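**Student:** how does the following fold in three dimensions:
(chains A, B and C)
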Amino acid sequence: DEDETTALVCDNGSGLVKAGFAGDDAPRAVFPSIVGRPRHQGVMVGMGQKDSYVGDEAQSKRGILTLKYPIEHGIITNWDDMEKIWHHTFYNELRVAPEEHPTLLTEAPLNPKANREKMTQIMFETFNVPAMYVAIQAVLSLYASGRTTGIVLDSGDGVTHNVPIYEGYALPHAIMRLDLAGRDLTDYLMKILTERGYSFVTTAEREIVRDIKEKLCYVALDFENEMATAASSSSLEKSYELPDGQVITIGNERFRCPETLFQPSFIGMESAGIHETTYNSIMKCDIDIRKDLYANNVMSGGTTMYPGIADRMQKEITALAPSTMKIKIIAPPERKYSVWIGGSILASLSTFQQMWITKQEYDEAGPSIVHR
Amino acid sequence: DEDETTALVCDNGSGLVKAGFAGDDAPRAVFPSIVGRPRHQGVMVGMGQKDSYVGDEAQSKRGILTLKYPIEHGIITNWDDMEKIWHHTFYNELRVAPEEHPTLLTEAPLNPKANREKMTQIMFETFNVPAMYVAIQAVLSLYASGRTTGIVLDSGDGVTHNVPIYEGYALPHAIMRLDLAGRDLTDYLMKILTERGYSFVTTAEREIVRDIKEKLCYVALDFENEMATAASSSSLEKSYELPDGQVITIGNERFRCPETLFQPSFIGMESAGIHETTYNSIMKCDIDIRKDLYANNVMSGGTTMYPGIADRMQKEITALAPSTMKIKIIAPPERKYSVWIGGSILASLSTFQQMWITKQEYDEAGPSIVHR
Amino acid sequence: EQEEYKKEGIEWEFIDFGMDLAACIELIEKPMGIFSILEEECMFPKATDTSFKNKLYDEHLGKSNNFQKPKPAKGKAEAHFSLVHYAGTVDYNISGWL
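**Tutor:** Numbering: from 1, shown residues only, chains lettered A, B, ... in the order given. Let me share the structure:
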């Protein structure tokens, strides 16, 4: 129990932090990855002067603060502001003292060696956690779907990745990163919806375009004869009621937004798209392992939640793969937390105890120890 | 029946094992002579951790294992890995228990005395077979073509041999070994086909060059005015359709590959070729037996299956032999299993019972007993 | 014991008798020990008894003395791993464990 209860799992994202206790089924804490700094001197009624704001209080009060994102494209870019988000996570969100809890953290696919050593330096030397561990994100997603070999298409708020994993070892030279994700996708909907003849003028109009994207957006299979369908004008249309009455209608654009993930050309991106990239990762891997990867395309991440994403991907890679092959696109329902759940499982596991980096290992080996 | 049904025949090769029951017309089991050892820790879905893989499961899964060949050039080079291929043959391929089956095995032409004693040590002491027997390969090939005196040109995957046999006794001092066979031949086609302007890039491209060699390759007689023919460009060309559509054409190289067996110079070999070697074996034998050997050139082995091999050899040795001589090149259709079939015949035979080495002979005489 | 030799005044030095067993215990209860490997694999949605087994070896075999590969014959029924407990060698079958 000492640490059975006690292991923490913190998944640091570009848009959201997911956090909680190893053992739980879902994150106890989910909140924006921002750190707000007040543009002016003054106070809220009853509070003192605050130097900084994190998560939702930074979002809610955004009009008087300069908002900053510590993690650009999955990589920690500002370490002063990240230590601020961690502090908030332990002390306010989970309300635990960190110096008696083992902490499993996550990093990104080709996270620079030096960063994995730096967050270890900050975990052990400024938070004084007993022990910690850094798992790679795609690797926890895979594992949370039971398996050990597969290829994960991972897509969240600032990055998309393909991480081919074989008997647990993520394959460095076959990993692909596509910098277009849910953030890019909300801003494109924004324009095709103002372009539908609308105005997201106040900040209460801006924010909810993102809630339109999440609730009403679709990834149609045969996106071709779906536009064609749009035109005959079926009961395909969908009206959402705004903060007030102002019933906005979205028929068609509803799927023009996730067609951006297959066609980056919709947004002036010259890069290849999700399905081709799944494939290219795969023809960059060893030959003998390619049947395995093909029958185990595990999807994880908030942006892979658009319904019919899996069917489109299913047919997208069948028709690029040699017919002798079995294609299989696994997309679980909890996928917006796969990464986290994979960490919860792993860290609560009976056999993981012997991989925890302890302060004994650290004080004796330097940050190098956990770096592997 | 006790052993009429019960005799096993196992022909151990450099590329393939051929196995089955004495009595049958062809091998019940044919499979690669590999033993794969996994490069990483992990599992297939539903299976346990496997320490080793043999035959086709080693070939199919080659990307995660280190493949090893126990028989180099017809001689057993690794005895740990050979006992593994035998185990697989009895227990999985033929699914028999070995301790109630007499086992006829084969060895190579000048197989070291010590090896014939070692595989006897392993047959009787680790597999506990009732009785066993080791036949020399060329000798079973000859016998399967009815006769007892002749010279066998034997050619498989790693070795070529000439074994002059007189009233059953293979003639030690006249035997010739040429280390260039079907394995060497697939790799040379490979280059003359990439050199035709192609790419056998993925492992599904590599493997099928061997299926091109088997299906479309020829040994032309008058290989001289066959190149000349190639140039006028007749309907000599031949296109094969790959795993996918990618129709590859092979006109000419089709026969440039088996011309390697007569001209080793095509591959940077300075050794003499098949026909000269047939002949040299023959002018190394007694004088009075040379008319016999000449009228009985029996061919066996996978690599002697190239059509028109016999006609080229026919004319190759007529024109080196004294005109007073009768040349005769026997090449039967089942020749890729001559060796095995000769063993099936012999071991199911009514008179062979009295040459079986029994555990009685062994426990009493030591490995020396079967060594002869 | 040591109290007597202290009470009496005898001069006898000796090491804790427990110590002899610490070897076996660590192998079981310590972090990269049996249980752990056992309880980790339980987190792998697609692990096998066989999987577990290998993990057990790769990590303890040859490196640990109390750890051994079984003696499959005698009155025993199959193979997986023996341990060297104070009472003796126990041949353990890992099947269903996961």
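
**Student:** excluding sequence neighbours, find me the nearest residue to the closest residue to chain C within the stretch 201-350 of chain A.
**Tutor:** Going by CB to the nearest CB, chain C is nearest to residue A:350 of the stretch 201-350 of chain A, at 0.5 Å. For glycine as for every other residue, the C-beta is placed from the backbone atoms N, C-alpha and C. Distances taken as CB to CB, 6 or more residues apart in numbering or on different chains place residue C:39 nearest to residue A:350, at 0.5 Å, with adjacent residues excluded.

**Student:** what about the nearest residue to residue C:2 once chain neighbours are set aside, distance to residue C:20?
**Tutor:** Of all residues not flanking residue C:2 in the chain, residue C:14 sits nearest, at 7.2 Å (CB to CB, 6+ apart). Taking CB to CB, to the nearest Å as the criterion, residue C:14 is separated from residue C:20 by 12 Å.

**Student:** got it, and residue A:33?
**Tutor:** Remark: distance between residue A:33 and residue C:20 (CB to CB) = 54 Å.

**Student:** could you report the neighbour count for residue A:349?
**Tutor:** Look at residue A:349: counted by other CB atoms under 10 Å in any protein chain shown, it has 22 neighbours.

**Student:** which residues touch residue 37?
**Tutor:** You didn't say which chain, so I picked chain A. For residue A:37, the contacting residues are A:51-53, A:65-66, A:68, by CB atoms under 8 Å, 6 or more residues apart in numbering or on different chains.

**Student:** wait, chain C was what I had in mind.
**Tutor:** A:351, A:354, C:52, C:55-56, C:59.

**Student:** what does residue C:39 give?
**Tutor:** Per CB under 8 Å, 6+ apart, neighbours of residue C:39: A:349-353.

**Student:** of those residues, closest to chain B?
**Tutor:** residue A:351 (13.2 Å).

**Student:** tell me the contacts of that closest one?
**Tutor:** Taking CB under 8 Å, 6+ apart, we find residue A:351 in contact with C:35-43, C:55.

**Student:** residue A:18 pairs with what?
**Tutor:** residue A:11, residue A:30 (DSSP bridges).

**Student:** flag every residue of the stretch 151-300 of chain A that's near chain B.
**Tutor:** A:166-169, A:283, A:286-289 (CB under 8 Å from any CB of the partner chain).

**Student:** so where does the residue nearest to residue A:350 fall, helix or strand?
**Tutor:** Assigned by DSSP states H and E, residue C:39 belongs to helix C:34-41.

**Student:** and the residue of chain A nearest chain B?
**Tutor:** For chain A, CB to the nearest CB, closest residue to chain B: residue A:288, 2.0 Å.

**Student:** of the contacts of residue C:37, buried ones?
**Tutor:** Buried by 16 or more other CB atoms under 10 Å in any protein chain shown: A:351, C:52, C:55-56, C:59, out of the contacts of residue C:37.

**Student:** quick one: which of residue A:33 and residue C:20 has more around it?
**Tutor:** residue A:33 (22 against 10).

**Student:** which residues touch the more buried one?
**Tutor:** Residue A:33 neighbours (CB under 8 Å, 6+ apart): A:12-17, A:55, A:69-71, A:85.

**Student:** which ones among those residues map onto helices?
**Tutor:** Using DSSP state H, the members of those that fall within helices are residue A:85.

**Student:** correct me if wrong: residue A:8 contacts residue A:97.
**Tutor:** No. Residue A:8 lies out of contact with residue A:97 (CB atoms under 8 Å); the separation is 11.1 Å.

**Student:** pick out whichever of these two has more residues nearby.
**Tutor:** With neighbours defined as other CB under 10 Å, residue A:8 and residue A:97 compare such that residue A:8 has more, 25 against 12.

**Student:** re earlier: which SSE is the residue of the stretch 201-350 of chain A closest to chain C in?
**Tutor:** Using DSSP H and E, no helix or strand contains residue A:350.

**Student:** residue ranges of the helices in chain C, please?
**Tutor:** C:4-8, C:19-29, C:34-41, C:49-60.

**Student:** list the contacts of the longest one.
**Tutor:** Going back to what we said before, that points to helix C:49-60. A:351, B:41-43, B:47-51, C:27, C:32-34, C:37-38, C:40-41, C:44, C:67, C:69, C:80-81, C:94-98.

**Student:** and the angle for that helix with helix C:34-41?
**Tutor:** 130 degrees (axes from the mean of the first three to the mean of the last three CA atoms, to 10 degrees).

**Student:** output helix C:49-60 as CSV, nothing but the C-alphas.
**Tutor:** The C-alpha trace of helix C:49-60 is given here as CSV (Å, rounded to 0.1, in the frame of the first residue of the first chain):
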residue,chain,number,x,y,z
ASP,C,49,2.5,-17.2,-18.6
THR,C,50,5.2,-17.9,-21.1
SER,C,51,5.9,-14.2,-21.4
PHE,C,52,6.2,-13.9,-17.6
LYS,C,53,8.4,-16.9,-17.5
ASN,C,54,11.0,-15.5,-19.9
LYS,C,55,11.0,-12.2,-17.9
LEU,C,56,11.7,-14.2,-14.9
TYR,C,57,14.7,-15.8,-16.5
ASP,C,58,16.3,-13.1,-18.5
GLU,C,59,16.6,-11.3,-15.2
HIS,C,60,17.4,-13.9,-12.6
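
**Student:** just the buried residues of stretch A:85-100, please?
**Tutor:** A:85-90, A:93-94, A:98.

**Student:** re the thing from before, and the two most separated of the contacts of residue A:351?
**Tutor:** Greatest spatial distance in those: C:35 and C:43, 13.3 Å, computed using CB to CB.

**Student:** for the most centrally placed residue in chain A, grab phi and psi.
**Tutor:** Closest residue to the average C-alpha location of chain A: residue A:156 at 3.3 Å, with CA atoms, centre = their mean. The phi/psi pair for residue A:156 (degrees, to the nearest 10) reads phi -120, psi -120.

**Student:** ok, the residue sitting furthest away from the middle of chain A to residue A:252 distance?
**Tutor:** Using CA atoms, centre = their mean, the residue of chain A lying farthest from its centre is residue A:232. It sits 37.1 Å away. Distance, residue A:232 to residue A:252, using CB to CB: 11 Å.

**Student:** cool, and residue A:300?
**Tutor:** Distance from residue A:300 to residue A:252, by CB to CB: 29 Å.

**Student:** so between these two, which is more surrounded?
**Tutor:** Neighbour comparison, residue A:300 and residue A:252: the larger count goes to residue A:300, with 32 against 18 (by other CB under 10 Å).

**Student:** list the contacts for the more buried one?
**Tutor:** If you count contacts by CB under 8 Å, 6+ apart, then residue A:300 has A:138, A:141, A:144, A:152-155, A:335, A:338-339 around it.

**Student:** which one (most neighbours) among those residues?
**Tutor:** residue A:152 (34 neighbours).

**Student:** make CSV from the contacts of residue C:39 and add distance to residue B:198 to it.
**Tutor:** As requested, these are exported to CSV (distance: CB to CB, whole Å):
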residue, distance to residue B:198
A:349, 50
A:350, 53
A:351, 49
A:352, 50
A:353, 54
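
**Student:** which of the residues you listed sits closest to residue B:81?
**Tutor:** Among the contacts of residue C:39, and counting by CB to CB, the member closest to residue B:81 is residue A:351, at 32.3 Å.

**Student:** against chain B, how distant is the closest residue to chain A within chain C?
**Tutor:** Chain A sits closest to residue C:39 of chain C, with a gap of 0.5 Å, by CB to the nearest CB. For residue C:39, the distance to chain B (CB to the nearest CB, to the nearest Å) stands at 18 Å.

**Student:** and the residue of chain C nearest chain B?
**Tutor:** For chain C, CB to the nearest CB, closest residue to chain B: residue C:50, 1.5 Å.

**Student:** and that residue, how many residues sit next to it?
**Tutor:** 20.

**Student:** right, I'll call it a day here.
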